[PDB]
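Report on one structure; see the data block that follows.
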Amino acid sequence: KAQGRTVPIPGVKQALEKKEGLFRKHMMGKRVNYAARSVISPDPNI
Amino acid sequence: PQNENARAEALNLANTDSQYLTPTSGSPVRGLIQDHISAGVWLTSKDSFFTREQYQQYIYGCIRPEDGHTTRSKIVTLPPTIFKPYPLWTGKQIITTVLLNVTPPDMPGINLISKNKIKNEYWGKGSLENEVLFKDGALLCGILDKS
Amino acid sequence: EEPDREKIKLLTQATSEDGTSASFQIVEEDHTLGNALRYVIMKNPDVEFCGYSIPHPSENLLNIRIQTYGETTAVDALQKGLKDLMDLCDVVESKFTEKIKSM
Amino acid sequence: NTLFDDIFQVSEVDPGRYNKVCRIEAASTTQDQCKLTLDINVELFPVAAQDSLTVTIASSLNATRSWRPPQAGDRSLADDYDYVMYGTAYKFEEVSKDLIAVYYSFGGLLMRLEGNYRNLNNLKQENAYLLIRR
C-alpha cells in the first residue's frame with residue numbers, strides 16, 4: 001500500500017503472512033523440544 | 001511427551017494396538033508382510049512334523065513368560081498328534097499352543113470357519129486345506145495365508 | 001576372590017512359586033552355548049519343557065527356560081545340564097587325542 | 001475303553017504333493033456300507049494299496065493330568081498296535097436313512113468314517129485315540 005522505491009521492507013501485515021503465515025507456521029504448527037529424527041530400519045525381534 | 005496425562009493418551013488412545021482397524025472402512029491395517037506369510041504356508045502344511053525337542057523350542061522361541069507373553073505363568077503344551085512309533089507334533093499344533101498360552105484361561109477357545117488364498121487342488125486329491133478351521137482355539141484344518 | 005553376579009540371573013518375574021519352572025538370563029552368550037545347553041537339559045527324564053530364546057541380536061542376552069516334573073528344581077536341571085556338557089566335551093577331547101595317536 | 005474296531009481293505013494311497021503324508025481310501029471287510037478316508041504319516045507307518053489295516057478308535061489307554069514321554073515299565077493300549085494318533089471329533093454328518101458319517105482331525109490329518117450302528121458309541125469328544133495294526 002506504499003509507493004515504489006528505486007524488494008521493499010516487509011510491513012507488519014507481511015510479517016503475519018510471510019509465507020503460510022504466523023498462524024500456520026508458528027501457532028497451528030510448531031518446532032518442538034524432546035524429539036528426534038532418524039532413518040527407519042526393519043526389525044522382527046521387537 | 002513430558003507428562004503423565006500425555007503418557008496415558010499415547011498408551012491408551014493413540015497407541016498402535018488401538019489402531020488395528022482404520023476408521024475409513026473398519027478393516028485391518030496391521031499384519032505380517034512377506035517372509036512370515038511364506039513361512040506360515042510351510043509351517044502349517046500337513047507335511048510339517050516336529051519332535052518334542054523341536055516343538056518345545058518353537059514355543060519358547062516366540063513365547064517368553066519373563067517378557068509377559070504368557071497368561072498361565074507356565075508354558076502349557078498339547079499332547080503329540082502321533083504317539084506310536086515316534087512321538088511327533090504337527091505344524092498346526094504349534095499355532096494351537098501359541099493361542100493356548102496368549103489367550104486368557106478364563107475364556108473359551110476361538111471358533112472360526114474361514115478360507116485360504118491357496119485352492120485345495122494345489123494340496124492334492126481330497127484335501128480340505130483351503131477351509132481354515134478353528135474349534136475351541138485349535139487349528140484342525142487349513143494352512144494360514146496373508147488372508 | 002569375588003564371584004560375578006551379572007552373568008547368570010534368575011528371572012523371578014517368571015519363576016514358579018516352587019520350584020520346577022524358571023527362566024534364566026545369561027549375558028555375553030547366544031546359539032553357541034544356548035542350543036547345546038537346551039539339548040543336554042532335554043535329555044534329563046525329569047525335564048518336562050526346555051528351550052532357548054534370544055530376546056534380540058543387538059542386546060547380549062540368552063534366555064533358557066526349564067520346566068521340570070516333581071522332585072527336581074529348574075536350578076538343579078540347569079546345574080546337571082552344565083555338569084553333563086563339561087563331561088560331554090571331555091569325551092570329545094579324549095576321543096580326538098586317541099585318534100591323533102591312532103593315525 | 002474302545003469305541004470302534006474293524007479291519008479295512010486299502011483301495012488308494014495318494015501323496016498329493018506331500019513327501020510324508022498320504023490320503024488312504026479304505027472299505028470294511030465285515031460291513032458293506034462302511035467306508036474310510038484317513039491321512040497317515042507314510043514316513044513312519046507306510047501303507048500300500050490292497051492292505052489289511054486294523055483301525056481302532058479308543059477313548060483312552062488301559063484320570064490323567066498330562067502326556068509324559070515313555071519311562072521303563074509303562075503299559076498302554078498302544079503296545080498292541082503299530083501306529084497310534086491322538087485327535088478330536090469336529091463334525092457329525094448324516095447321509096440318507098440310518099447312515100451316519102463322522103469327521104475326525106489328528107492335527108490337520110483328517111479322517112472321515114461312514115457307517116450306521118456307531119451313532120451311540122462314537123461321540124464328539126475332545127479326546128479320541130486312533131490305533132492301527134499290521
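By convention here, the chains of the C-alpha cells are called A, B, ... in the order presented, each chain's residues are numbered starting at 1, and ligands are numbered starting at 1 in the order presented.
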For chain D, work out the contacting residues on chain B at 12 Å, counting only C-alpha atoms, and write them as JSON, numbers by chain. {"B": [42, 43, 44, 45, 46, 47, 48, 49, 51, 52, 53, 76, 77, 78, 79, 80, 81, 82, 83, 84, 85, 86, 87, 88, 89, 90, 91, 92, 93, 94, 95, 96, 97, 111, 113, 120, 121, 122, 123, 124, 125, 126, 127, 128, 129, 130, 131, 132, 133, 134, 135, 136, 137, 138, 139, 140, 141, 142, 143]}
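Contact shell of segment 7-18 of chain C at 8 Å (only C-alpha atoms; same-chain neighbours under 2 positions omitted): residues 65, 66, 73 and 74 of chain B; 4, 5, 20, 21, 22, 23, 24, 25, 26, 27, 28 and 73 of chain C.
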Restricted to N, CA, C and O atoms, what would the selected residues look like written as a PDB file, in the first residue's frame?
ATOM      1  N   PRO B  65       7.657 -66.279  28.944  1.00  0.00           N
ATOM      2  CA  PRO B  65       6.850 -65.860  30.108  1.00  0.00           C
ATOM      3  C   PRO B  65       7.432 -64.665  30.866  1.00  0.00           C
ATOM      4  O   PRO B  65       6.666 -63.857  31.396  1.00  0.00           O
ATOM      5  N   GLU B  66       8.778 -64.544  30.890  1.00  0.00           N
ATOM      6  CA  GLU B  66       9.513 -63.466  31.561  1.00  0.00           C
ATOM      7  C   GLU B  66       9.226 -62.094  30.931  1.00  0.00           C
ATOM      8  O   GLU B  66       9.276 -61.084  31.637  1.00  0.00           O
ATOM      9  N   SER B  73       1.434 -68.453  33.475  1.00  0.00           N
ATOM     10  CA  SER B  73       2.680 -68.435  34.279  1.00  0.00           C
ATOM     11  C   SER B  73       3.508 -69.759  34.173  1.00  0.00           C
ATOM     12  O   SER B  73       4.489 -69.944  34.901  1.00  0.00           O
ATOM     13  N   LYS B  74       3.109 -70.648  33.248  1.00  0.00           N
ATOM     14  CA  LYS B  74       3.735 -71.930  32.926  1.00  0.00           C
ATOM     15  C   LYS B  74       3.324 -72.290  31.503  1.00  0.00           C
ATOM     16  O   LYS B  74       2.135 -72.231  31.176  1.00  0.00           O
TER      17      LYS B  74
ATOM     18  N   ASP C   4      31.213 -63.392  39.919  1.00  0.00           N
ATOM     19  CA  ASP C   4      30.442 -62.497  39.050  1.00  0.00           C
ATOM     20  C   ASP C   4      28.941 -62.770  39.199  1.00  0.00           C
ATOM     21  O   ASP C   4      28.506 -63.915  39.065  1.00  0.00           O
ATOM     22  N   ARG C   5      28.159 -61.723  39.499  1.00  0.00           N
ATOM     23  CA  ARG C   5      26.711 -61.834  39.704  1.00  0.00           C
ATOM     24  C   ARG C   5      25.891 -61.398  38.474  1.00  0.00           C
ATOM     25  O   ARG C   5      24.686 -61.660  38.428  1.00  0.00           O
ATOM     26  N   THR C  20       9.929 -76.022  40.221  1.00  0.00           N
ATOM     27  CA  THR C  20      10.169 -76.661  38.928  1.00  0.00           C
ATOM     28  C   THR C  20      10.374 -75.733  37.733  1.00  0.00           C
ATOM     29  O   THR C  20      11.223 -76.027  36.890  1.00  0.00           O
ATOM     30  N   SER C  21       9.593 -74.659  37.624  1.00  0.00           N
ATOM     31  CA  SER C  21       9.670 -73.804  36.451  1.00  0.00           C
ATOM     32  C   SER C  21      10.390 -72.491  36.699  1.00  0.00           C
ATOM     33  O   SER C  21      10.120 -71.795  37.665  1.00  0.00           O
ATOM     34  N   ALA C  22      11.331 -72.166  35.813  1.00  0.00           N
ATOM     35  CA  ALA C  22      12.095 -70.923  35.889  1.00  0.00           C
ATOM     36  C   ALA C  22      12.698 -70.546  34.542  1.00  0.00           C
ATOM     37  O   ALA C  22      12.975 -71.419  33.712  1.00  0.00           O
ATOM     38  N   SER C  23      12.908 -69.235  34.343  1.00  0.00           N
ATOM     39  CA  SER C  23      13.552 -68.664  33.165  1.00  0.00           C
ATOM     40  C   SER C  23      14.857 -68.015  33.602  1.00  0.00           C
ATOM     41  O   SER C  23      14.855 -67.188  34.517  1.00  0.00           O
ATOM     42  N   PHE C  24      15.975 -68.428  32.995  1.00  0.00           N
ATOM     43  CA  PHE C  24      17.300 -67.911  33.336  1.00  0.00           C
ATOM     44  C   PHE C  24      17.813 -66.987  32.243  1.00  0.00           C
ATOM     45  O   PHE C  24      17.552 -67.245  31.068  1.00  0.00           O
ATOM     46  N   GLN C  25      18.553 -65.922  32.622  1.00  0.00           N
ATOM     47  CA  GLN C  25      19.124 -64.976  31.665  1.00  0.00           C
ATOM     48  C   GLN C  25      20.648 -64.878  31.830  1.00  0.00           C
ATOM     49  O   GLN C  25      21.142 -64.491  32.891  1.00  0.00           O
ATOM     50  N   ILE C  26      21.379 -65.238  30.762  1.00  0.00           N
ATOM     51  CA  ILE C  26      22.844 -65.242  30.704  1.00  0.00           C
ATOM     52  C   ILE C  26      23.322 -64.138  29.762  1.00  0.00           C
ATOM     53  O   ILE C  26      22.797 -64.013  28.653  1.00  0.00           O
ATOM     54  N   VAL C  27      24.326 -63.352  30.197  1.00  0.00           N
ATOM     55  CA  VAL C  27      24.906 -62.274  29.386  1.00  0.00           C
ATOM     56  C   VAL C  27      26.087 -62.828  28.567  1.00  0.00           C
ATOM     57  O   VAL C  27      26.664 -63.849  28.946  1.00  0.00           O
ATOM     58  N   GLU C  28      26.428 -62.154  27.443  1.00  0.00           N
ATOM     59  CA  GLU C  28      27.527 -62.482  26.520  1.00  0.00           C
ATOM     60  C   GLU C  28      27.472 -63.946  26.009  1.00  0.00           C
ATOM     61  O   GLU C  28      28.513 -64.595  25.869  1.00  0.00           O
ATOM     62  N   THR C  73      14.254 -79.232  41.016  1.00  0.00           N
ATOM     63  CA  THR C  73      14.057 -77.807  40.722  1.00  0.00           C
ATOM     64  C   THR C  73      14.656 -77.490  39.341  1.00  0.00           C
ATOM     65  O   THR C  73      15.428 -78.298  38.815  1.00  0.00           O
TER      66      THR C  73
END
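Using only C-alpha atoms, the smallest distance between any of C:38, C:62, C:69, C:79 and chain D comes from C:69.
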Per residue of chain C within 12 Å of chain D, which atom pair is closest and at what distance in Å (one decimal), using only C-alpha atoms, listed by chain and increasing number, as a tab-separated table?
residue	atom	partner	partner_atom	distance
C:42	CA	D:69	CA	11.4
C:43	CA	D:69	CA	11.2
C:44	CA	D:69	CA	11.3
C:45	CA	D:71	CA	8.2
C:46	CA	D:68	CA	10.0
C:47	CA	D:68	CA	10.3
C:48	CA	D:68	CA	7.8
C:49	CA	D:68	CA	10.6
C:68	CA	D:68	CA	11.2
C:69	CA	D:68	CA	9.5
How about saving the chosen residues, N, CA, C and O atoms kept, as a PDB file, in the first residue's frame?
ATOM      1  N   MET C  42      17.356 -81.273  27.893  1.00  0.00           N
ATOM      2  CA  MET C  42      16.229 -82.064  27.395  1.00  0.00           C
ATOM      3  C   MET C  42      16.432 -83.586  27.540  1.00  0.00           C
ATOM      4  O   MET C  42      15.436 -84.316  27.548  1.00  0.00           O
ATOM      5  N   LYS C  43      17.693 -84.058  27.688  1.00  0.00           N
ATOM      6  CA  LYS C  43      17.985 -85.490  27.863  1.00  0.00           C
ATOM      7  C   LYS C  43      17.592 -85.959  29.280  1.00  0.00           C
ATOM      8  O   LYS C  43      17.424 -87.164  29.497  1.00  0.00           O
ATOM      9  N   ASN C  44      17.438 -85.004  30.232  1.00  0.00           N
ATOM     10  CA  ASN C  44      17.040 -85.259  31.621  1.00  0.00           C
ATOM     11  C   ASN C  44      15.599 -85.794  31.648  1.00  0.00           C
ATOM     12  O   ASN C  44      14.705 -85.141  31.096  1.00  0.00           O
ATOM     13  N   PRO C  45      15.360 -86.984  32.264  1.00  0.00           N
ATOM     14  CA  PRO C  45      13.994 -87.543  32.290  1.00  0.00           C
ATOM     15  C   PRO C  45      13.013 -86.724  33.133  1.00  0.00           C
ATOM     16  O   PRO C  45      11.799 -86.892  32.987  1.00  0.00           O
ATOM     17  N   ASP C  46      13.537 -85.849  34.011  1.00  0.00           N
ATOM     18  CA  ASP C  46      12.706 -85.008  34.859  1.00  0.00           C
ATOM     19  C   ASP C  46      12.337 -83.692  34.171  1.00  0.00           C
ATOM     20  O   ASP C  46      11.392 -83.044  34.609  1.00  0.00           O
ATOM     21  N   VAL C  47      13.046 -83.299  33.097  1.00  0.00           N
ATOM     22  CA  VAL C  47      12.718 -82.053  32.404  1.00  0.00           C
ATOM     23  C   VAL C  47      11.490 -82.292  31.515  1.00  0.00           C
ATOM     24  O   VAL C  47      11.509 -83.151  30.628  1.00  0.00           O
ATOM     25  N   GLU C  48      10.414 -81.542  31.808  1.00  0.00           N
ATOM     26  CA  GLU C  48       9.133 -81.552  31.103  1.00  0.00           C
ATOM     27  C   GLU C  48       9.243 -80.714  29.834  1.00  0.00           C
ATOM     28  O   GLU C  48       8.972 -81.213  28.742  1.00  0.00           O
ATOM     29  N   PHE C  49       9.648 -79.447  29.986  1.00  0.00           N
ATOM     30  CA  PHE C  49       9.791 -78.496  28.898  1.00  0.00           C
ATOM     31  C   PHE C  49      11.126 -77.778  28.990  1.00  0.00           C
ATOM     32  O   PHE C  49      11.535 -77.373  30.080  1.00  0.00           O
ATOM     33  N   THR C  68      10.306 -78.530  34.789  1.00  0.00           N
ATOM     34  CA  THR C  68      10.510 -79.939  35.107  1.00  0.00           C
ATOM     35  C   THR C  68       9.248 -80.521  35.726  1.00  0.00           C
ATOM     36  O   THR C  68       8.298 -79.789  36.020  1.00  0.00           O
ATOM     37  N   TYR C  69       9.254 -81.843  35.944  1.00  0.00           N
ATOM     38  CA  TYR C  69       8.219 -82.548  36.687  1.00  0.00           C
ATOM     39  C   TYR C  69       8.657 -82.410  38.161  1.00  0.00           C
ATOM     40  O   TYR C  69       9.598 -81.662  38.427  1.00  0.00           O
TER      41      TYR C  69
END
What residues in chain A have any atom no more than 10 Å from chain C when counting only C-alpha atoms, and can you write them as a count of residues only? 4
I need the residues in chain D that are strand (DSSP E) according to DSSP; give them as a PyMOL selection string. chain D and resi 2-14+21-28+35-41+52-58+83-94+100-106+109-115+128-133
Should the cut-off be 10 Å, what would the residue list for chain B against chain A look like, counting only C-alpha atoms, as a PyMOL selection string? chain B and resi 1-2+32+36+62
With C-alpha atoms retained, could you export that selection as a PDB file, in the first residue's frame?
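Below you can see part_5.pdb, which holds the result:
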ATOM      1  CA  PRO B   1       5.763 -36.432  25.734  1.00  0.00           C
ATOM      2  CA  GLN B   2       6.844 -34.930  29.107  1.00  0.00           C
ATOM      3  CA  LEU B  32       2.813 -59.658   8.828  1.00  0.00           C
ATOM      4  CA  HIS B  36       6.212 -64.646   7.674  1.00  0.00           C
ATOM      5  CA  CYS B  62       8.263 -66.909  20.249  1.00  0.00           C
TER       6      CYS B  62
END
Going by DSSP on the backbone, which residues of chain B come out as helix (DSSP H, G or I)? List them as a ChimeraX atom specification. /B:4-12,16-19,35-43,52-62,65-67,91-102,120-123
Keeping only N, CA and C atoms, write the selected residues as a compact mmCIF listing (two decimals), in the first residue's frame.
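selection_35.txt, written as the output of this step:
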# COMPACT_ATOMS: atom_id res chain seq x y z
N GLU B 4 2.39 -37.26 32.55
CA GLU B 4 1.60 -38.50 32.67
C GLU B 4 0.27 -38.46 31.90
N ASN B 5 -0.38 -37.29 31.78
CA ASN B 5 -1.64 -37.18 31.02
C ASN B 5 -1.37 -37.42 29.54
N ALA B 6 -0.23 -36.89 29.05
CA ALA B 6 0.21 -37.09 27.67
C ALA B 6 0.69 -38.54 27.48
N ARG B 7 1.25 -39.16 28.54
CA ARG B 7 1.69 -40.56 28.53
C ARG B 7 0.50 -41.49 28.36
N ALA B 8 -0.52 -41.33 29.24
CA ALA B 8 -1.76 -42.12 29.27
C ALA B 8 -2.46 -42.12 27.92
N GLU B 9 -2.43 -40.97 27.24
CA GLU B 9 -3.03 -40.76 25.93
C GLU B 9 -2.30 -41.53 24.84
N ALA B 10 -0.95 -41.51 24.87
CA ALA B 10 -0.10 -42.20 23.90
C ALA B 10 -0.07 -43.72 24.15
N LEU B 11 -0.54 -44.16 25.34
CA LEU B 11 -0.57 -45.58 25.72
C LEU B 11 -1.96 -46.19 25.62
N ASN B 12 -3.03 -45.37 25.65
CA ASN B 12 -4.39 -45.89 25.63
C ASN B 12 -5.25 -45.36 24.47
N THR B 16 -0.44 -47.96 19.16
CA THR B 16 -0.52 -48.83 17.97
C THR B 16 -1.62 -49.89 18.03
N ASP B 17 -1.70 -50.64 19.14
CA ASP B 17 -2.65 -51.74 19.34
C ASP B 17 -4.12 -51.30 19.18
N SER B 18 -4.43 -50.04 19.55
CA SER B 18 -5.78 -49.48 19.40
C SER B 18 -6.01 -48.95 17.97
N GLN B 19 -5.05 -49.19 17.06
CA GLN B 19 -5.13 -48.75 15.67
C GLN B 19 -5.04 -49.96 14.71
N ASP B 35 8.19 -62.75 4.49
CA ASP B 35 8.83 -63.99 4.95
C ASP B 35 7.87 -64.79 5.82
N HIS B 36 7.17 -64.09 6.72
CA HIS B 36 6.21 -64.65 7.67
C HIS B 36 5.03 -65.33 7.00
N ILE B 37 4.57 -64.81 5.84
CA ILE B 37 3.46 -65.38 5.08
C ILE B 37 3.93 -66.69 4.42
N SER B 38 5.14 -66.67 3.80
CA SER B 38 5.74 -67.84 3.14
C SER B 38 6.10 -68.91 4.17
N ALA B 39 6.52 -68.48 5.38
CA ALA B 39 6.88 -69.36 6.49
C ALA B 39 5.66 -70.11 7.02
N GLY B 40 4.52 -69.41 7.12
CA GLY B 40 3.27 -69.96 7.61
C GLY B 40 2.66 -71.03 6.75
N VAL B 41 2.74 -70.86 5.42
CA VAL B 41 2.24 -71.82 4.42
C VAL B 41 3.05 -73.13 4.55
N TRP B 42 4.34 -73.02 4.88
CA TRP B 42 5.21 -74.18 5.08
C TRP B 42 5.02 -74.80 6.47
N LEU B 43 4.99 -73.98 7.54
CA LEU B 43 4.85 -74.45 8.92
C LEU B 43 3.49 -75.13 9.15
N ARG B 52 9.51 -83.59 20.03
CA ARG B 52 9.32 -82.93 21.33
C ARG B 52 10.32 -81.78 21.52
N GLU B 53 11.60 -82.04 21.22
CA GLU B 53 12.72 -81.09 21.30
C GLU B 53 12.50 -79.90 20.36
N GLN B 54 12.12 -80.17 19.08
CA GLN B 54 11.84 -79.16 18.05
C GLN B 54 10.62 -78.31 18.42
N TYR B 55 9.50 -78.97 18.77
CA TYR B 55 8.20 -78.40 19.12
C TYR B 55 8.31 -77.41 20.28
N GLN B 56 8.90 -77.84 21.41
CA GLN B 56 9.07 -77.01 22.61
C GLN B 56 9.96 -75.80 22.34
N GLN B 57 10.98 -75.97 21.47
CA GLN B 57 11.89 -74.90 21.07
C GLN B 57 11.12 -73.80 20.33
N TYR B 58 10.28 -74.17 19.34
CA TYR B 58 9.48 -73.22 18.56
C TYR B 58 8.52 -72.44 19.46
N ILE B 59 8.02 -73.07 20.54
CA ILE B 59 7.10 -72.46 21.51
C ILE B 59 7.83 -71.36 22.29
N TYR B 60 8.94 -71.72 22.98
CA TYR B 60 9.70 -70.77 23.80
C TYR B 60 10.41 -69.71 22.94
N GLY B 61 10.71 -70.06 21.69
CA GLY B 61 11.34 -69.16 20.73
C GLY B 61 10.52 -67.91 20.47
N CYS B 62 9.17 -68.03 20.48
CA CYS B 62 8.26 -66.91 20.25
C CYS B 62 7.50 -66.48 21.52
N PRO B 65 7.66 -66.28 28.94
CA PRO B 65 6.85 -65.86 30.11
C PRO B 65 7.43 -64.67 30.87
N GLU B 66 8.78 -64.54 30.89
CA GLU B 66 9.51 -63.47 31.56
C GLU B 66 9.23 -62.09 30.93
N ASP B 67 8.90 -62.06 29.62
CA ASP B 67 8.56 -60.84 28.88
C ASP B 67 7.03 -60.60 28.92
N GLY B 91 2.55 -79.24 12.56
CA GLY B 91 2.82 -77.81 12.43
C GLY B 91 1.70 -76.95 12.96
N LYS B 92 0.45 -77.36 12.67
CA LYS B 92 -0.79 -76.70 13.11
C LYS B 92 -0.92 -76.66 14.64
N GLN B 93 -0.34 -77.66 15.33
CA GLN B 93 -0.33 -77.77 16.79
C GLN B 93 0.49 -76.66 17.44
N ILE B 94 1.52 -76.14 16.74
CA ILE B 94 2.34 -75.03 17.24
C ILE B 94 1.42 -73.79 17.31
N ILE B 95 0.59 -73.57 16.27
CA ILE B 95 -0.37 -72.46 16.19
C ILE B 95 -1.42 -72.60 17.31
N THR B 96 -1.84 -73.84 17.63
CA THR B 96 -2.81 -74.09 18.70
C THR B 96 -2.17 -73.74 20.05
N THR B 97 -0.91 -74.17 20.27
CA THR B 97 -0.17 -73.93 21.51
C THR B 97 0.11 -72.43 21.71
N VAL B 98 0.42 -71.67 20.63
CA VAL B 98 0.71 -70.24 20.76
C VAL B 98 -0.54 -69.51 21.28
N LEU B 99 -1.73 -69.85 20.75
CA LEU B 99 -3.01 -69.27 21.16
C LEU B 99 -3.36 -69.68 22.59
N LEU B 100 -3.11 -70.95 22.93
CA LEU B 100 -3.38 -71.52 24.25
C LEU B 100 -2.59 -70.82 25.36
N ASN B 101 -1.44 -70.21 25.03
CA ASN B 101 -0.61 -69.52 26.00
C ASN B 101 -0.76 -67.99 25.96
N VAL B 102 -1.35 -67.43 24.89
CA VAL B 102 -1.51 -65.97 24.80
C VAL B 102 -2.97 -65.53 25.08
N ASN B 120 -7.68 -75.90 -2.86
CA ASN B 120 -7.48 -77.30 -2.45
C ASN B 120 -6.74 -78.15 -3.49
N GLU B 121 -6.92 -77.84 -4.79
CA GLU B 121 -6.31 -78.54 -5.93
C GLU B 121 -4.78 -78.60 -5.84
N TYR B 122 -4.14 -77.55 -5.29
CA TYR B 122 -2.69 -77.46 -5.13
C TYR B 122 -2.15 -78.45 -4.08
N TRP B 123 -2.97 -78.79 -3.07
CA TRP B 123 -2.60 -79.70 -1.99
C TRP B 123 -2.94 -81.18 -2.29
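Taking only C-alpha atoms into account, chain C lies nearest to B:75 out of the set B:33, B:75, B:13, B:21.
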Counting only C-alpha atoms, what is within 9 Å of residue 50 of chain D, bar same-chain residues fewer than 6 positions away, as a ChimeraX atom specification? /D:9-12
Using only C-alpha atoms, the shortest atom-to-atom distance to chain B among C:75, C:70, C:103, C:34 belongs to C:34
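Contact shell of residue 115 of chain D at 9 Å (only C-alpha atoms; same-chain neighbours under 2 positions omitted): residues 31, 33, 34, 35, 98, 99, 100, 101, 102, 113, 117, 118 and 119 of chain D.
Using only C-alpha atoms, the smallest distance between any of B:71, B:24, B:103, B:147 and chain C comes from B:71.
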From atom CA of residue 24 of chain D to atom CA of residue 38 of chain D the spacing works out at 5.1 Å
How many Å separate atom CA of residue 117 of chain B from atom CA of residue 34 of chain B? 14.6 Å
